[PDB]
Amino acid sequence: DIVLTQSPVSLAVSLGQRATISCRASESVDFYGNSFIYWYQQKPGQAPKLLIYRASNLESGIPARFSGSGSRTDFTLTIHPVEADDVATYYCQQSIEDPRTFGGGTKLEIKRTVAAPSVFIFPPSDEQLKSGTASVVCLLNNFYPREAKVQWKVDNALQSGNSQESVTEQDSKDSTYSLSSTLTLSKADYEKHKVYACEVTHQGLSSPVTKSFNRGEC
C-alpha cells in the first residue's frame, strides 16, 4: 500500500501570495512517463473537487492559478495567486497501484489584516428557563486572526469548566472567523447570580472588551 504524506499539515498565505503543498509517495508513482497523481480541493461540507490529473494536467474549468508538478516520489500543488475563496483542504491521490490511496490533507488559511471581533452577549430565554437549564451565549463576530480568549464572569468570579466554544470556517469572501461561547447552568444556579459577563481578549483589541447583563434586565 503506497502511503502519501502531505506537508505542511496546515498553511497560512496572504492574498496574492503563493501556496505550495507537497505530496510525498512511499514508492514511485511513475509509469512510462506518466505520474499518476491527482489533486482535489475540498471546501467544508462539500464533496472534493478535481483540480489536477496526471500530476500536471489542469481539469477543465479550473483556473491556471493552480499548477501541478513533480515526479517519482515528490509532487507539488502550487496556487499562485492565492485568493480568498481558496480556503479548503487539499488532497493528493495516487493510482499507480491498488489500493488507491490519498494523503492526509493540507488545510489552507488566508492571512488577512487584523480585524477585531464585535462582541454580543445573549441572556437565556424565558422559554428555556422553564425546562430547568439556562444557556448564556457570547458571540464574537467577524474577526482575524483565529486566536481569541473568551472568559466568562459570573458575579465577577471567573468561571471555568462549564463553557463550550464553536467556530465557523474562515469566511470565503472576507476571510474572518466567528465564534460562539456557550455557558451552561442549571436554572437554580442561574437564578443564584446577578451579573453575567463575557470578556474577550484578541489581537485586534487594544485591551479586553467586556459585554454584560444583569439577570432580569436590572
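Start at 1 with the first residue shown and count on from there.
Taking only CA atoms, the mean B-factor in the PDB entry is higher for 128-136 than for the other of 82-90 and 128-136. Of the candidates 179, 185, 50, 158, the deposited coordinates give 185 the top C-alpha B factor. Compared with the other modelled residues of the chain, the Cα B-factor recorded for residue 142 ranks in the lowest third. Per the deposited record, the Cα B-factor of residue 162 falls in the highest third when ranked against the other modelled residues of its chain. When all modelled residues of the chain are sorted by CA temperature factor, residue 151 is found within the middle third. Per the PDB record, residue ranking by Cα B-factor puts residue 73 in the highest third of the chain.
In the PDB entry, residue 37 places in the lowest third of its chain by CA B-factor.
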